[PDB]
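Let's start with one chain on its own, the form deposited in one PDB entry, as structure tokens.
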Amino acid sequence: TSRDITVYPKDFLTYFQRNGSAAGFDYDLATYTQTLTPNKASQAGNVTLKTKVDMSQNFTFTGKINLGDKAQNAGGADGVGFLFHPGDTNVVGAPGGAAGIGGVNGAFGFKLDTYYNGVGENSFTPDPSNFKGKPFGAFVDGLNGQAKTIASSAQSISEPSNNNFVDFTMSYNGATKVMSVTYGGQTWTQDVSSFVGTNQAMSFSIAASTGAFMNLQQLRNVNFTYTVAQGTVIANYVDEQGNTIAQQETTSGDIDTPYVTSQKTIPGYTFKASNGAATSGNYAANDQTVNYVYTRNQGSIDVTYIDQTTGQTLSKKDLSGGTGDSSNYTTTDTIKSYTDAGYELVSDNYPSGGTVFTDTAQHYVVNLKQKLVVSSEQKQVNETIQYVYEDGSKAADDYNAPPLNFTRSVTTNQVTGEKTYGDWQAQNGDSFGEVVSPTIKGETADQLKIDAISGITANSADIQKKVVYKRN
């Protein structure tokens, strides 16, 4: 790769960032020395690596470490921790009995512990009992956040004395996944594959701390040859309420190397914004996340209710919902409403099996007409001639003349009330005939005939007449 580099003492600070105590002390380019903690109490200072490390590839770390001038008995603490973890390049471990390895998740390393911590805190498990008051060099399991010393790797080291620099070496094999540490003639080896696991990129921190006891702790002549791990970009395709709606898109590539992310076209959904990182840019050591946020596509359906008679809209219902969901609408209720007020349904193009919201808008029409009930009107004009004597007794049988019937058509508007009365039509005619009055022997009728009466109209009043017979 192009990522095989070699950090010289000359360019230490170019790849390493002094943090905590260490920030108050210049890198003396004469001696090639970085103070981590001074001889003061309660200190905490480290160097973090600017990049991460390819744990599929081989690295070698060469330097000298001063652990200080005092042993634990003389008031000397706490040691130098070497931390490897998968998260942030700027995350470092807890001081004290945590050695700069505890209190980080997925953490592992090698410590130089110049103080015996017998007491258990959340950040760290007691130090190996077989090293009470004695200084030791060991591997640490920091994965569950709690730094646990691997008692199998715990050997003794020379007590810090006269601020002397002892030669340190940490080597790693990519495929073996095997760490080889060498501090002044003592040698360690561990297979870290149970720690490195899937993560082939781990951030590198070299920490130092003091407490109630203290010690000047410093690094000199640093030579790190490693393969710099490549940066990641994550792209997440999510709805407005965070739910993932398309498979995310992890992508790795060298640092300061362009990255490009894709606006996905997602059925049912429309791109709103990209929160988080840019959609494009350059790859970096800590990993950047761009989230594409989608709005759930909403469909239209209108159902216009028209009065054909007036050619005027009674009601328009607007429906809106997500593309795929049911409107749960039926015309029947709104139809009924109008049919109660005396409308008649002519047409309904709205599906009886209900609708569903679609990306294309839907338009439906229900046509009603003002109902018209065709009544029949009837009227009869009748003529009666009574034939009586002068005592009012019946002389002859009443003449009921063939009645003149009349028929109209009424049309009642079941909405407005308006009645549309037709043309008064004579079924039998307009003429009431002349009626020659019966001849009674030995009498004379006052009217010997009733004269024919024409122009009878539908509202003409019934003709009533009386023929009186006088004796002789």
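Note that residue numbering follows the sequence shown and begins at 1. The term rigid core refers to the most C-alpha atoms you can superpose between the two forms while keeping them within 1.5 Å.
Unshown form deposited in another entry; subsequent notes refer to it.
- After superposition on the rigid core, the single residue among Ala395, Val91, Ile306, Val178 whose C-alpha moves by 2 Å or more between this form and the one not shown is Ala395.
- The two forms, fitted on the rigid core, differ between this form and the one not shown by less than 2 Å at the CA of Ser56.
- For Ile453, the Cα coordinates differ by 2 angstroms or more between this form and the one not shown after the core has been superposed.
- Taking 2 Å as the criterion, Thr411 does not count as shifted between this form and the one not shown: its C-alpha moves by less than this amount when the rigid core is aligned.
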